[PDB]
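Have a look at entry_19.csv below; it lists CSV, C-alpha atoms and all ligand atoms.
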chain,number,residue,atom,x,y,z
A,7,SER,CA,-16.7,-10.4,7.3
A,8,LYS,CA,-14.4,-12.3,5.0
A,9,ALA,CA,-12.5,-11.5,1.8
A,10,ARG,CA,-14.6,-12.1,-1.4
A,11,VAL,CA,-11.6,-13.3,-3.2
A,12,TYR,CA,-8.4,-15.4,-2.4
A,13,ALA,CA,-10.0,-16.0,1.1
A,14,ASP,CA,-8.5,-19.6,1.4
A,15,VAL,CA,-5.1,-19.3,-0.1
A,16,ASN,CA,-3.3,-19.7,3.2
A,17,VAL,CA,-5.9,-22.2,4.5
A,18,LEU,CA,-4.7,-24.8,2.2
A,19,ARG,CA,-1.2,-24.3,1.0
A,20,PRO,CA,1.3,-26.1,3.2
A,21,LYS,CA,2.0,-24.6,6.6
A,22,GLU,CA,5.6,-23.6,5.8
A,23,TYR,CA,4.4,-21.0,3.3
A,24,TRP,CA,2.7,-18.8,6.1
A,25,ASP,CA,4.4,-19.9,9.4
A,26,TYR,CA,7.0,-17.2,9.2
A,27,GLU,CA,8.1,-17.8,12.8
A,28,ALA,CA,9.7,-21.2,11.6
A,29,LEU,CA,11.8,-19.4,9.1
A,30,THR,CA,15.6,-19.9,9.4
A,31,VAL,CA,17.6,-17.0,7.8
A,32,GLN,CA,20.4,-18.0,5.4
A,33,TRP,CA,22.9,-15.1,6.0
A,34,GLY,CA,25.0,-13.7,3.1
A,35,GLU,CA,28.3,-11.9,3.3
A,36,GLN,CA,28.2,-8.4,4.8
A,37,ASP,CA,31.5,-7.4,3.0
A,38,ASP,CA,29.8,-7.9,-0.4
A,39,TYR,CA,27.9,-4.6,0.0
A,40,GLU,CA,29.3,-1.2,0.6
A,41,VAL,CA,27.3,1.9,1.5
A,42,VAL,CA,27.6,4.9,-1.0
A,43,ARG,CA,25.1,7.5,0.3
A,44,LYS,CA,22.0,7.8,2.5
A,45,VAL,CA,18.7,7.9,0.5
A,46,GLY,CA,15.9,7.5,3.0
A,47,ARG,CA,14.8,6.5,6.5
A,48,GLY,CA,11.9,5.4,8.6
A,49,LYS,CA,10.9,4.7,12.1
A,50,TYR,CA,12.5,1.3,11.6
A,51,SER,CA,15.6,1.7,9.4
A,52,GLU,CA,18.1,4.0,7.6
A,53,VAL,CA,18.3,3.3,3.8
A,54,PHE,CA,21.3,3.7,1.5
A,55,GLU,CA,22.2,3.4,-2.0
A,56,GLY,CA,25.0,0.7,-2.1
A,57,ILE,CA,27.4,-1.1,-4.4
A,58,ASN,CA,27.7,-4.9,-4.8
A,59,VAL,CA,31.6,-5.1,-4.7
A,60,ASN,CA,31.5,-8.3,-6.9
A,61,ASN,CA,29.8,-7.0,-10.0
A,62,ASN,CA,29.9,-3.3,-9.2
A,63,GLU,CA,26.0,-3.1,-9.6
A,64,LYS,CA,23.9,-0.6,-7.5
A,65,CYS,CA,21.7,-1.9,-4.7
A,66,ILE,CA,19.7,-0.6,-1.8
A,67,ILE,CA,20.8,-1.3,1.8
A,68,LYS,CA,18.2,-1.2,4.5
A,69,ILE,CA,19.9,-1.1,7.8
A,70,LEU,CA,17.5,-2.1,10.5
A,71,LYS,CA,17.1,-0.4,13.9
A,72,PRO,CA,16.8,-3.1,16.7
A,73,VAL,CA,13.8,-5.2,16.0
A,74,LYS,CA,12.1,-8.3,17.5
A,75,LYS,CA,12.8,-11.6,15.9
A,76,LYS,CA,9.0,-12.2,15.1
A,77,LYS,CA,8.6,-8.9,13.4
A,78,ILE,CA,11.6,-9.2,11.1
A,79,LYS,CA,10.9,-12.8,10.2
A,80,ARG,CA,7.3,-11.8,9.1
A,81,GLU,CA,8.8,-9.1,6.8
A,82,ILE,CA,11.5,-11.5,5.4
A,83,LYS,CA,9.2,-14.4,4.8
A,84,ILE,CA,6.7,-12.1,2.9
A,85,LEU,CA,9.4,-10.6,0.7
A,86,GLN,CA,10.7,-14.2,-0.1
A,87,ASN,CA,7.2,-15.4,-0.9
A,88,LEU,CA,6.6,-12.5,-3.3
A,89,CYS,CA,10.1,-12.1,-4.9
A,90,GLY,CA,9.6,-12.4,-8.7
A,91,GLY,CA,5.9,-11.2,-8.7
A,92,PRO,CA,5.1,-8.2,-11.0
A,93,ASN,CA,6.3,-4.9,-9.6
A,94,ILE,CA,7.2,-6.2,-6.1
A,95,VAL,CA,10.6,-4.9,-4.9
A,96,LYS,CA,13.1,-7.9,-5.0
A,97,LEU,CA,14.9,-8.8,-1.7
A,98,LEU,CA,18.3,-10.0,-3.0
A,99,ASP,CA,20.2,-10.8,0.2
A,100,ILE,CA,20.1,-10.6,3.9
A,101,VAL,CA,23.4,-9.9,5.9
A,102,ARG,CA,24.4,-8.8,9.4
A,103,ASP,CA,27.2,-7.1,11.3
A,104,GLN,CA,29.2,-9.8,13.3
A,105,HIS,CA,29.8,-7.7,16.5
A,106,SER,CA,26.4,-6.0,16.9
A,107,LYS,CA,24.2,-8.6,15.0
A,108,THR,CA,22.6,-5.5,13.2
A,109,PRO,CA,20.7,-7.0,10.1
A,110,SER,CA,20.6,-5.4,6.7
A,111,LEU,CA,18.2,-6.3,3.9
A,112,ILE,CA,19.6,-5.8,0.4
A,113,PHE,CA,17.2,-5.0,-2.4
A,114,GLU,CA,17.3,-4.2,-6.1
A,115,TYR,CA,18.1,-0.5,-6.8
A,116,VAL,CA,15.4,1.8,-8.2
A,117,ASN,CA,16.4,5.3,-9.2
A,118,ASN,CA,13.2,6.9,-7.6
A,119,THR,CA,12.0,10.5,-8.2
A,120,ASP,CA,10.3,11.8,-5.0
A,121,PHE,CA,6.5,11.7,-5.6
A,122,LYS,CA,6.1,15.3,-4.3
A,123,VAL,CA,8.2,16.4,-7.3
A,124,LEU,CA,7.3,13.7,-9.8
A,125,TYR,CA,3.5,13.5,-9.6
A,126,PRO,CA,2.8,17.1,-10.7
A,127,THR,CA,4.7,16.2,-13.9
A,128,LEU,CA,2.7,13.2,-15.0
A,129,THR,CA,0.3,13.2,-18.0
A,130,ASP,CA,-3.2,11.8,-17.7
A,131,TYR,CA,-1.9,8.7,-19.6
A,132,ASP,CA,1.1,8.3,-17.2
A,133,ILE,CA,-1.3,8.4,-14.2
A,134,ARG,CA,-3.4,5.6,-15.7
A,135,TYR,CA,-0.2,3.6,-16.6
A,136,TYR,CA,1.4,3.8,-13.1
A,137,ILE,CA,-1.9,3.0,-11.3
A,138,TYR,CA,-2.3,0.0,-13.5
A,139,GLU,CA,1.4,-1.1,-12.6
A,140,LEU,CA,0.6,-0.7,-8.9
A,141,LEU,CA,-2.6,-2.8,-9.4
A,142,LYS,CA,-0.6,-5.7,-10.9
A,143,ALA,CA,1.5,-5.7,-7.7
A,144,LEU,CA,-1.6,-5.6,-5.4
A,145,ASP,CA,-3.5,-8.4,-7.3
A,146,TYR,CA,-0.3,-10.5,-7.1
A,147,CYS,CA,0.2,-10.1,-3.4
A,148,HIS,CA,-3.5,-10.6,-2.7
A,149,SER,CA,-3.4,-13.8,-4.9
A,150,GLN,CA,-0.5,-15.0,-2.7
A,151,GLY,CA,-2.5,-14.4,0.6
A,152,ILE,CA,-0.9,-11.2,1.7
A,153,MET,CA,-2.2,-7.7,2.6
A,154,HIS,CA,0.3,-5.0,2.2
A,155,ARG,CA,-1.3,-2.5,4.8
A,156,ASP,CA,0.6,0.5,4.0
A,157,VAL,CA,-0.1,1.6,0.4
A,158,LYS,CA,0.7,5.3,-0.1
A,159,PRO,CA,2.9,7.2,-2.5
A,160,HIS,CA,5.9,7.2,-0.2
A,161,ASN,CA,6.0,3.4,-0.6
A,162,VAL,CA,5.8,3.3,-4.5
A,163,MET,CA,9.2,3.8,-6.1
A,164,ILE,CA,9.2,4.8,-9.8
A,165,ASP,CA,12.1,5.2,-12.2
A,166,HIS,CA,10.3,7.4,-14.6
A,167,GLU,CA,12.9,7.1,-17.5
A,168,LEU,CA,12.6,3.3,-17.4
A,169,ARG,CA,8.8,3.6,-16.5
A,170,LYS,CA,9.4,1.0,-13.8
A,171,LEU,CA,7.5,0.8,-10.6
A,172,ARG,CA,8.1,-1.1,-7.4
A,173,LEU,CA,5.9,-1.5,-4.3
A,174,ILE,CA,8.2,-1.3,-1.3
A,175,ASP,CA,8.0,-1.1,2.5
A,176,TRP,CA,6.6,-4.5,3.5
A,177,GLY,CA,7.1,-3.7,7.3
A,178,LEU,CA,3.4,-3.8,7.9
A,179,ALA,CA,2.4,-6.6,5.4
A,180,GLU,CA,0.5,-9.6,6.9
A,181,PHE,CA,-0.9,-13.0,6.0
A,182,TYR,CA,-4.7,-13.1,5.4
A,183,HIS,CA,-6.6,-15.8,7.4
A,184,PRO,CA,-10.4,-15.7,7.2
A,185,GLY,CA,-12.1,-14.4,10.3
A,186,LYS,CA,-8.9,-13.4,12.1
A,187,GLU,CA,-9.0,-10.1,14.0
A,188,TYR,CA,-6.2,-7.8,13.1
A,189,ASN,CA,-4.7,-4.8,14.8
A,190,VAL,CA,-6.2,-1.6,13.3
A,191,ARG,CA,-3.0,0.4,14.0
A,192,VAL,CA,-1.7,-0.1,10.4
A,193,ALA,CA,-1.4,2.0,7.3
A,194,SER,CA,-0.4,5.7,7.4
A,195,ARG,CA,-3.2,8.1,8.7
A,196,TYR,CA,-4.3,9.9,5.5
A,197,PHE,CA,-4.6,6.4,3.8
A,198,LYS,CA,-6.4,4.5,6.6
A,199,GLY,CA,-9.7,2.9,5.6
A,200,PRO,CA,-12.9,3.6,7.4
A,201,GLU,CA,-12.8,0.0,8.9
A,202,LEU,CA,-9.5,1.0,10.7
A,203,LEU,CA,-11.2,4.2,11.9
A,204,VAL,CA,-14.3,2.5,13.4
A,205,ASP,CA,-12.4,-0.5,14.8
A,206,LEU,CA,-13.6,-3.2,12.5
A,207,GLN,CA,-10.8,-5.8,13.0
A,208,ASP,CA,-11.7,-8.6,10.7
A,209,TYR,CA,-10.7,-6.7,7.6
A,210,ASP,CA,-8.9,-8.1,4.5
A,211,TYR,CA,-7.3,-7.3,1.1
A,212,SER,CA,-9.8,-4.6,0.4
A,213,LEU,CA,-8.1,-2.3,3.0
A,214,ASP,CA,-5.4,-1.8,0.3
A,215,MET,CA,-8.0,-0.8,-2.3
A,216,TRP,CA,-9.1,2.1,0.0
A,217,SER,CA,-5.5,3.3,0.4
A,218,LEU,CA,-5.0,3.0,-3.4
A,219,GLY,CA,-8.3,5.1,-3.8
A,220,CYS,CA,-6.8,7.8,-1.5
A,221,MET,CA,-3.6,7.9,-3.6
A,222,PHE,CA,-5.5,8.1,-6.8
A,223,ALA,CA,-7.8,10.9,-5.6
A,224,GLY,CA,-4.7,12.8,-4.6
A,225,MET,CA,-3.2,12.4,-8.1
A,226,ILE,CA,-6.2,13.2,-10.2
A,227,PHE,CA,-7.5,16.2,-8.0
A,228,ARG,CA,-3.9,17.4,-7.2
A,229,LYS,CA,-4.7,17.6,-3.5
A,230,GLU,CA,-2.1,15.7,-1.4
A,231,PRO,CA,-3.2,14.2,0.8
A,232,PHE,CA,-6.8,14.1,-0.3
A,233,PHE,CA,-8.2,13.4,3.2
A,234,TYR,CA,-6.1,15.6,5.5
A,235,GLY,CA,-7.0,14.6,9.1
A,236,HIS,CA,-4.7,15.4,12.1
A,237,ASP,CA,-5.4,12.3,14.3
A,238,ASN,CA,-7.5,9.3,13.8
A,239,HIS,CA,-10.8,10.8,14.9
A,240,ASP,CA,-10.3,13.8,12.7
A,241,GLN,CA,-9.4,11.4,9.8
A,242,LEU,CA,-12.9,9.8,9.9
A,243,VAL,CA,-14.4,13.3,10.1
A,244,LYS,CA,-12.6,14.4,7.0
A,245,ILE,CA,-13.9,11.2,5.1
A,246,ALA,CA,-17.5,11.8,6.4
A,247,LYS,CA,-17.4,15.4,5.1
A,248,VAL,CA,-17.0,14.0,1.5
A,249,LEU,CA,-18.8,10.6,1.5
A,250,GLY,CA,-21.5,12.0,3.8
A,251,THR,CA,-22.9,10.5,7.0
A,252,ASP,CA,-25.9,8.6,5.6
A,253,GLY,CA,-23.6,6.1,4.0
A,254,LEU,CA,-21.5,5.9,7.2
A,255,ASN,CA,-24.7,5.0,9.1
A,256,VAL,CA,-25.6,2.2,6.6
A,257,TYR,CA,-22.1,0.7,7.0
A,258,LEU,CA,-22.0,0.8,10.8
A,259,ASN,CA,-25.5,-0.8,11.0
A,260,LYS,CA,-24.7,-3.5,8.4
A,261,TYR,CA,-21.6,-4.4,10.5
A,262,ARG,CA,-23.2,-3.8,14.0
A,263,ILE,CA,-20.7,-1.2,15.0
A,264,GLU,CA,-21.3,1.6,17.6
A,265,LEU,CA,-19.0,4.6,17.3
A,266,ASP,CA,-17.6,6.0,20.5
A,267,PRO,CA,-19.8,8.8,21.9
A,268,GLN,CA,-17.2,11.6,21.4
A,269,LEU,CA,-16.4,10.3,17.9
A,270,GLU,CA,-20.1,10.4,17.0
A,271,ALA,CA,-20.1,14.0,18.1
A,272,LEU,CA,-17.0,15.1,16.1
A,273,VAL,CA,-18.5,13.4,13.0
A,274,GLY,CA,-21.8,15.3,13.1
A,275,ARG,CA,-24.1,15.1,10.1
A,276,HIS,CA,-23.0,15.9,6.5
A,277,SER,CA,-24.3,15.7,3.0
A,278,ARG,CA,-22.5,13.6,0.4
A,279,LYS,CA,-20.3,16.0,-1.8
A,280,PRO,CA,-20.3,15.0,-5.5
A,281,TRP,CA,-16.7,14.2,-6.7
A,282,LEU,CA,-17.0,17.1,-9.3
A,283,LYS,CA,-16.9,19.5,-6.5
A,284,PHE,CA,-13.1,19.0,-6.2
A,285,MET,CA,-12.5,19.8,-9.9
A,286,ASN,CA,-10.7,23.1,-10.6
A,287,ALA,CA,-8.8,24.7,-13.5
A,288,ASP,CA,-5.4,23.1,-12.5
A,289,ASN,CA,-6.7,19.5,-12.2
A,290,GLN,CA,-9.6,19.5,-14.9
A,291,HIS,CA,-7.3,17.7,-17.4
A,292,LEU,CA,-7.4,14.7,-15.0
A,293,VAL,CA,-11.0,14.3,-13.6
A,294,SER,CA,-12.9,12.8,-16.5
A,295,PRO,CA,-15.9,10.5,-16.1
A,296,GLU,CA,-14.0,7.2,-16.3
A,297,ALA,CA,-11.6,8.5,-13.6
A,298,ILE,CA,-14.5,9.5,-11.3
A,299,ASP,CA,-16.4,6.2,-11.9
A,300,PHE,CA,-13.2,4.3,-11.1
A,301,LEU,CA,-12.5,6.4,-8.0
A,302,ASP,CA,-16.1,6.2,-6.8
A,303,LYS,CA,-15.8,2.3,-6.9
A,304,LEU,CA,-12.7,2.3,-4.7
A,305,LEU,CA,-13.7,5.0,-2.0
A,306,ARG,CA,-16.6,3.1,-0.5
A,307,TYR,CA,-17.2,2.9,3.3
A,308,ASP,CA,-18.1,-0.7,2.9
A,309,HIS,CA,-15.0,-2.8,2.3
A,310,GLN,CA,-17.0,-5.6,0.6
A,311,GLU,CA,-18.4,-3.3,-2.0
A,312,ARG,CA,-14.9,-1.9,-3.2
A,313,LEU,CA,-13.4,-3.2,-6.5
A,314,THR,CA,-10.9,-6.1,-6.2
A,315,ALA,CA,-7.5,-5.4,-7.8
A,316,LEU,CA,-8.3,-7.8,-10.6
A,317,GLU,CA,-11.8,-6.2,-11.4
A,318,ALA,CA,-10.0,-2.7,-11.2
A,319,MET,CA,-7.5,-3.7,-13.9
A,320,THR,CA,-10.5,-4.4,-16.3
A,321,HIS,CA,-12.2,-1.0,-15.7
A,322,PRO,CA,-12.7,1.1,-18.9
A,323,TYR,CA,-10.5,3.8,-17.3
A,324,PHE,CA,-7.4,1.5,-18.2
A,325,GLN,CA,-8.4,0.4,-21.6
A,326,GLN,CA,-5.6,2.2,-23.5
A,327,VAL,CA,-3.0,0.9,-21.0
A,328,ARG,CA,-4.3,-2.7,-21.7
A,329,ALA,CA,-4.2,-2.0,-25.5
A,330,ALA,CA,-0.6,-1.0,-25.4
A,331,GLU,CA,0.2,-4.2,-23.5
A,332,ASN,CA,-1.7,-6.3,-25.9
A,333,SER,CA,0.9,-5.0,-28.5
B,1,LIG,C1,13.0,4.2,3.9
B,1,LIG,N1,12.6,2.9,3.3
B,1,LIG,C2,11.9,2.0,4.0
B,1,LIG,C3,13.0,2.7,2.0
B,1,LIG,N2,13.2,3.7,1.1
B,1,LIG,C4,13.5,3.0,0.0
B,1,LIG,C5,13.8,3.4,-1.3
B,1,LIG,BR1,13.9,5.2,-1.8
B,1,LIG,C6,14.1,2.4,-2.3
B,1,LIG,BR2,14.6,3.0,-4.0
B,1,LIG,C7,14.1,1.1,-2.0
B,1,LIG,BR3,14.5,-0.2,-3.3
B,1,LIG,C8,13.8,0.7,-0.7
B,1,LIG,BR4,13.7,-1.2,-0.2
B,1,LIG,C9,13.5,1.7,0.2
B,1,LIG,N3,13.1,1.5,1.5
B,1,LIG,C10,13.0,0.2,2.2
B,1,LIG,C11,11.7,-0.5,1.8
B,1,LIG,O1,10.9,0.1,1.1
B,1,LIG,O2,11.5,-1.6,2.2
Take the structure in this file and express it as structure tokens.
Amino acid sequence: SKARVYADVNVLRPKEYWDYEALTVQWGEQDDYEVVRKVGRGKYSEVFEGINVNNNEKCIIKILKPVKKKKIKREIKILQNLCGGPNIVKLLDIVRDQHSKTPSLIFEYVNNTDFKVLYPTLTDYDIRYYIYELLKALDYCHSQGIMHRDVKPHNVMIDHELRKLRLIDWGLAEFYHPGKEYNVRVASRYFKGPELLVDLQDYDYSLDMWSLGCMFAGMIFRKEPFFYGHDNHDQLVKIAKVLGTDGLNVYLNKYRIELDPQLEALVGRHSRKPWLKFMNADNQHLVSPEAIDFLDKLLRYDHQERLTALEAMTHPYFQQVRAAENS
């Protein structure tokens, strides 16, 4: 399988663009940035609001836990390649502690409101607007030969007063090389695409489109997360209960894949459930026919059949967002 778009971007840019292991970091000055308060954390870092002591502007400081040189350079080189792109978080500086050699990445500040508190507030229009802004970022990174591999609401910072949106957490982003087999242990469980769950390794940018699909389903149906599985086998079961098993079987056969025997058994046999079956009184102001047609063209077992980020931006669901931009 190969990407249907931007397949050869890396193939014929100069090697330096994608050979992240040859990167040499230019270190800034640690004393330029002071920690103000803790704001978040992950398996790989603790994250602080900071201050730049020169201009007194806010920033974000990501203090990394011990990490292998290869891994960190992949993250840096990706951030540097994409810095300046629409709605990509800007990496402004990279510094380190002298004694411990502990690195910190310094980013622009976004005054985020936690999605679990923010999303219930959004209007139908705001949902279309923020999803369009996210699409701009995905088409951009895809066009530069990079898969993000971890799209989910936790990784999308939004200053709602400024109506600004940044895609963050590039810790799992990778360069796309046609026919390469990738590790399927990427993304976060509720947002993993069926190609990850059935061990199809030569995936591509379309993985991100599934994850965006899950986030969008969660927003319009007010069911977070939309596919609530407990481990990776159960995650494919939860998807098959909605998309139905006939379509799963077409996909596996098209790509010559045999599910593990016990996985076959947990999956069973299920009818496809129409998307209207999730509508209820609380969400009905969000589940209109353009929303469902758009969702249905992202949540497809077959990665090659999903909309590209560029085609998604043109879908009639976004027309008023485009009109306002054309002003
Ligand atoms: C816990 N993590 C990873 C994290 N939370 C973050 C938040 Br809230 C903001 Br605002 C920004 Br800017 C970054 Br960078 C964050 N990072 C780092 C990142 O997104 O790369």
Test item: residues lying within 6 Å of ligand LIG 1 (chain B) with only C-alpha atoms and all ligand atoms, as a PyMOL selection string: chain A and resi 45-48+53+66+68+113-118+163+174-176
Which residues, written as an MDAnalysis selection string, have at least one atom at most 8 Å from residue A:151, with all atoms listed in the file counted and residues fewer than 6 positions away on the same chain left out? chainID A and resid 12:16 181:182
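Counting all atoms listed in the file, the residue from A:296, A:240, A:81, A:331 that sits nearest to residue A:272 is A:240.
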Determine the nearest neighbour of residue A:324 from the options A:36, A:136, A:88, A:152, counting all atoms listed in the file.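 Looking only at the distances to residue A:324, the closest residue turns out to be A:136.
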Around the point (-6.9, -7.2, 7.1) in the file's coordinates, collect all residues with an atom within 10 Å, using all atoms listed in the file, and return them as a PyMOL selection string. chain A and resi 8-9+152-155+179-190+192+201-202+206-214
Any chance you could export the current selection's C-alpha atoms as an mmCIF file, keeping the file's coordinate frame?
data_model
loop_
_atom_site.group_PDB
_atom_site.id
_atom_site.type_symbol
_atom_site.label_atom_id
_atom_site.label_comp_id
_atom_site.auth_asym_id
_atom_site.auth_seq_id
_atom_site.Cartn_x
_atom_site.Cartn_y
_atom_site.Cartn_z
ATOM 1 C CA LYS A 8 -14.400 -12.300 5.000
ATOM 2 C CA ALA A 9 -12.500 -11.500 1.800
ATOM 3 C CA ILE A 152 -0.900 -11.200 1.700
ATOM 4 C CA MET A 153 -2.200 -7.700 2.600
ATOM 5 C CA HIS A 154 0.300 -5.000 2.200
ATOM 6 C CA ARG A 155 -1.300 -2.500 4.800
ATOM 7 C CA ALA A 179 2.400 -6.600 5.400
ATOM 8 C CA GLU A 180 0.500 -9.600 6.900
ATOM 9 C CA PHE A 181 -0.900 -13.000 6.000
ATOM 10 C CA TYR A 182 -4.700 -13.100 5.400
ATOM 11 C CA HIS A 183 -6.600 -15.800 7.400
ATOM 12 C CA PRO A 184 -10.400 -15.700 7.200
ATOM 13 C CA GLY A 185 -12.100 -14.400 10.300
ATOM 14 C CA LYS A 186 -8.900 -13.400 12.100
ATOM 15 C CA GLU A 187 -9.000 -10.100 14.000
ATOM 16 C CA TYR A 188 -6.200 -7.800 13.100
ATOM 17 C CA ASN A 189 -4.700 -4.800 14.800
ATOM 18 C CA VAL A 190 -6.200 -1.600 13.300
ATOM 19 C CA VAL A 192 -1.700 -0.100 10.400
ATOM 20 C CA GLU A 201 -12.800 0.000 8.900
ATOM 21 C CA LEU A 202 -9.500 1.000 10.700
ATOM 22 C CA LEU A 206 -13.600 -3.200 12.500
ATOM 23 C CA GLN A 207 -10.800 -5.800 13.000
ATOM 24 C CA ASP A 208 -11.700 -8.600 10.700
ATOM 25 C CA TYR A 209 -10.700 -6.700 7.600
ATOM 26 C CA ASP A 210 -8.900 -8.100 4.500
ATOM 27 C CA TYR A 211 -7.300 -7.300 1.100
ATOM 28 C CA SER A 212 -9.800 -4.600 0.400
ATOM 29 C CA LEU A 213 -8.100 -2.300 3.000
ATOM 30 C CA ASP A 214 -5.400 -1.800 0.300
#
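Of note, atom CA of residue A:148 and atom CA of residue A:79 are spaced 19.5 Å apart.
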Can you measure atom CA of residue A:245 to atom CA of residue A:233 for me? One decimal in Å is fine.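 Atom-to-atom, atom CA of residue A:245 to atom CA of residue A:233, that is 6.4 Å.
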Atom pair atom CA of residue A:242 + atom CA of residue A:126, distance 26.9 Å
I need the residue nearest residue A:120 from this list: A:326, A:87, A:161, A:314. Use only C-alpha atoms for the distance. A:161
Considering all atoms listed in the file, state which residue in the set A:319, A:199, A:303, A:248 is at the smallest distance from residue A:283.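 Going through A:319, A:199, A:303, A:248 one by one, the smallest distance to residue A:283 is for A:248.
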Residue with smallest distance to residue A:119 - pool A:313, A:31, A:246, A:164, counting all atoms listed in the file: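 Nearest to residue A:119: A:164.
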Let me make sure I understand: among A:94, A:167, A:109, A:30, which one has the smallest atom-to-atom distance to residue A:67 if we use all atoms listed in the file? A:109
Mind checking which residues fall within 7 Å of residue A:40, counting all atoms listed in the file, ignoring those fewer than 6 positions away in the same chain, and posting them as a PyMOL selection string? chain A and resi 56-59
Export C-alpha atoms of the chosen residues as a short mmCIF file (atom, residue, chain, number, x, y, z; two decimals), in the coordinates of the input?
data_model
loop_
_atom_site.label_atom_id
_atom_site.label_comp_id
_atom_site.auth_asym_id
_atom_site.auth_seq_id
_atom_site.Cartn_x
_atom_site.Cartn_y
_atom_site.Cartn_z
CA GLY A 56 25.00 0.70 -2.10
CA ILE A 57 27.40 -1.10 -4.40
CA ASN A 58 27.70 -4.90 -4.80
CA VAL A 59 31.60 -5.10 -4.70
#
Contacts of residue A:140 at 8 Å or less, counting all atoms listed in the file, minus same-chain residues fewer than 3 places along, as an mmCIF file with C-alpha atoms, in the frame of the given file?
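Result saved to out_9.cif:
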data_model
loop_
_atom_site.group_PDB
_atom_site.id
_atom_site.type_symbol
_atom_site.label_atom_id
_atom_site.label_comp_id
_atom_site.auth_asym_id
_atom_site.auth_seq_id
_atom_site.Cartn_x
_atom_site.Cartn_y
_atom_site.Cartn_z
ATOM 1 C CA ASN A 93 6.300 -4.900 -9.600
ATOM 2 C CA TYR A 136 1.400 3.800 -13.100
ATOM 3 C CA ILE A 137 -1.900 3.000 -11.300
ATOM 4 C CA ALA A 143 1.500 -5.700 -7.700
ATOM 5 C CA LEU A 144 -1.600 -5.600 -5.400
ATOM 6 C CA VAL A 162 5.800 3.300 -4.500
ATOM 7 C CA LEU A 171 7.500 0.800 -10.600
ATOM 8 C CA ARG A 172 8.100 -1.100 -7.400
ATOM 9 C CA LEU A 173 5.900 -1.500 -4.300
#
Find the residues near residue A:263: any atom within 10 Å, counting all atoms listed in the file, skip ones fewer than 6 places away on the same chain, and give them as a VMD selection string. chain A and resid 204 to 206 255 257
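Near residue A:83, within 9 Å and counting all atoms listed in the file, sit residues 23, 24, 25, 26, 27, 29, 78, 79, 87 and 88 of chain A; same-chain residues fewer than 4 positions away were not included.
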Restore N, CA, C and O atoms in stretch 31-40 of chain A and list the result as a PDB file, in the coordinates of the input.
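Just written: selection.pdb:
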ATOM      1  N   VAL A  31      16.837 -17.837   8.721  1.00  0.00           N
ATOM      2  CA  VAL A  31      17.600 -17.000   7.800  1.00  0.00           C
ATOM      3  C   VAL A  31      18.895 -17.597   7.245  1.00  0.00           C
ATOM      4  O   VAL A  31      19.736 -18.059   8.032  1.00  0.00           O
ATOM      5  N   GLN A  32      19.092 -17.608   5.941  1.00  0.00           N
ATOM      6  CA  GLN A  32      20.400 -18.000   5.400  1.00  0.00           C
ATOM      7  C   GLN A  32      21.186 -16.656   5.124  1.00  0.00           C
ATOM      8  O   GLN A  32      20.903 -15.930   4.149  1.00  0.00           O
ATOM      9  N   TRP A  33      22.140 -16.358   6.011  1.00  0.00           N
ATOM     10  CA  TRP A  33      22.900 -15.100   6.000  1.00  0.00           C
ATOM     11  C   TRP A  33      23.924 -15.055   4.877  1.00  0.00           C
ATOM     12  O   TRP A  33      24.721 -16.010   4.704  1.00  0.00           O
ATOM     13  N   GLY A  34      23.944 -13.948   4.120  1.00  0.00           N
ATOM     14  CA  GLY A  34      25.000 -13.700   3.100  1.00  0.00           C
ATOM     15  C   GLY A  34      26.230 -13.056   3.733  1.00  0.00           C
ATOM     16  O   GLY A  34      26.469 -13.075   4.946  1.00  0.00           O
ATOM     17  N   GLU A  35      27.027 -12.427   2.871  1.00  0.00           N
ATOM     18  CA  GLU A  35      28.300 -11.900   3.300  1.00  0.00           C
ATOM     19  C   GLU A  35      28.183 -10.355   3.320  1.00  0.00           C
ATOM     20  O   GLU A  35      28.174  -9.754   2.273  1.00  0.00           O
ATOM     21  N   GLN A  36      28.163  -9.794   4.532  1.00  0.00           N
ATOM     22  CA  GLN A  36      28.200  -8.400   4.800  1.00  0.00           C
ATOM     23  C   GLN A  36      29.236  -7.567   3.966  1.00  0.00           C
ATOM     24  O   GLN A  36      28.907  -6.481   3.499  1.00  0.00           O
ATOM     25  N   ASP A  37      30.459  -8.091   3.789  1.00  0.00           N
ATOM     26  CA  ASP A  37      31.500  -7.400   3.000  1.00  0.00           C
ATOM     27  C   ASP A  37      31.219  -7.308   1.519  1.00  0.00           C
ATOM     28  O   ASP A  37      31.949  -6.573   0.808  1.00  0.00           O
ATOM     29  N   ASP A  38      30.186  -8.008   1.028  1.00  0.00           N
ATOM     30  CA  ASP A  38      29.800  -7.900  -0.400  1.00  0.00           C
ATOM     31  C   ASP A  38      29.169  -6.577  -0.760  1.00  0.00           C
ATOM     32  O   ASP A  38      29.053  -6.278  -1.953  1.00  0.00           O
ATOM     33  N   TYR A  39      28.686  -5.834   0.234  1.00  0.00           N
ATOM     34  CA  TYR A  39      27.900  -4.600   0.000  1.00  0.00           C
ATOM     35  C   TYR A  39      28.393  -3.413   0.672  1.00  0.00           C
ATOM     36  O   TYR A  39      28.475  -3.418   1.891  1.00  0.00           O
ATOM     37  N   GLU A  40      28.746  -2.349  -0.066  1.00  0.00           N
ATOM     38  CA  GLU A  40      29.300  -1.200   0.600  1.00  0.00           C
ATOM     39  C   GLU A  40      28.323  -0.005   0.428  1.00  0.00           C
ATOM     40  O   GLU A  40      27.744   0.183  -0.635  1.00  0.00           O
TER      41      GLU A  40
END
